[PDB]
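Please read the structure below before turning to the comments.
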Amino acid sequence: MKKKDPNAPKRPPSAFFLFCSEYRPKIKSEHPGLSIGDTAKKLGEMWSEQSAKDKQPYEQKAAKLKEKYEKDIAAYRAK
């Protein structure tokens, strides 16, 4: 939905989510008019512009929280 719990393994990201969720707040410090509308299509214009490097180091982060979520969420649900 948006935030089940801090200790619970929320939805797994995938590089892009790690970059956008971390770059969006940066765009706000310099772009006050950057509303969710332009903020959604702005961070994307940069990601596609980057070569095969922006998704090299920030892509392994989404592969570490998936080995604990796929195994921990099985018992966290129990419904």
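All Cβ positions, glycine included, derive from the backbone under ideal geometry; neighbour counts span all protein chains shown. What follows draws every value from the coordinates through simple rules; no lab data is involved.
Could you figure out which of (1) free of Cβ contacts under 8 Å to residues at least 40 places away in the same chain; (2) over 20 Å from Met1 (Cβ atoms) isn't true of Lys55?
Here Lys55 meets the rest and fails (1).
Quick check on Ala15: is it touching a residue at least 40 places away in the same chain (Cβ under 8 Å) and either in contact with a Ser or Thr (Cβ under 8 Å, 6 or more places away or on another chain) or loosely packed, with under 11 Cβ neighbours inside 10 Å (or both)? Let's see the steps before the verdict.
On the way: touching a residue at least 40 places away in the same chain (Cβ under 8 Å): yes; either in contact with a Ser or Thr (Cβ under 8 Å, 6 or more places away or on another chain) or loosely packed, with under 11 Cβ neighbours inside 10 Å (or both): no.
No: the conditions fail for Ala15.
Would you point out the residue of the stretch 20-49, among those that are of a type in the set (A, V, I, L, M, F, W, C) and out of contact with any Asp or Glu (no Cβ under 7 Å at 6 or more places or on another chain), that is nearest to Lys71 (Cα to Cα)? Step through it out loud before you land on a result.
First, the residues of the stretch 20-49 that are of a type in the set (A, V, I, L, M, F, W, C): 20, 27, 34, 36, 40, 43, 46-47.
Imposing the further condition that a residue be out of contact with any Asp or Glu (no Cβ under 7 Å at 6 or more places or on another chain) reduces the set to 20, 27, 34, 36, 40, 43, 46.
Numbers: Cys20: 26, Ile27: 35, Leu34: 38, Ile36: 34, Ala40: 32, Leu43: 32, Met46: 34 Å.
In this case the residue turns out to be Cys20.
Can you tell me which residue within the stretch 58-75, out of those that are of a type in the set (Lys, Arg) and in contact (Cβ under 8 Å) with a residue 12 or more places away in the chain, is surrounded by the fewest Cβ atoms within 10 Å (Cβ to Cβ)? It would help to see each step written out before you state the result.
Within the stretch 58-75, the subset of a type in the set (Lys, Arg) is 61, 64, 66, 68, 71.
In the following step, the residues that additionally are in contact (Cβ under 8 Å) with a residue 12 or more places away in the chain were identified as 61, 66, 68.
Values: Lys61: 14, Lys66: 13, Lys68: 11.
Selected residue: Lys68.
Looking only at the stretch 1-16, how many residues end up being closer than 18 Å to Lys53 by Cβ and out of contact with any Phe, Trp or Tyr (no Cβ under 7 Å at 6 or more places or on another chain)?
Taking the stretch 1-16 first, the residues closer than 18 Å to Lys53 by Cβ are 14-16.
From what's left, out of contact with any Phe, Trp or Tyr (no Cβ under 7 Å at 6 or more places or on another chain): 14.
Within the stretch 1-16, residues that are closer than 18 Å to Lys53 by Cβ and out of contact with any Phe, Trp or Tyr (no Cβ under 7 Å at 6 or more places or on another chain) number 1.
Among the helices (runs of 4 or more DSSP H) contained in the stretch 13-79, which hold 3 or more residues that are touching a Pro at 6+ places or on another chain (Cβ under 6 Å)? Spell out how you get there, then give the answer.
On the way: elements: 16-30, 36-49, 66-77.
Result: 66-77.
Here are the criteria: (1) of a type outside the set (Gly, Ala, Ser); (2) outside any helix (DSSP H, G or I); (3) without any contact (Cβ under 8 Å) to a residue 60 or more places away in the chain. Tell me which single one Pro9 does not satisfy.
(3)
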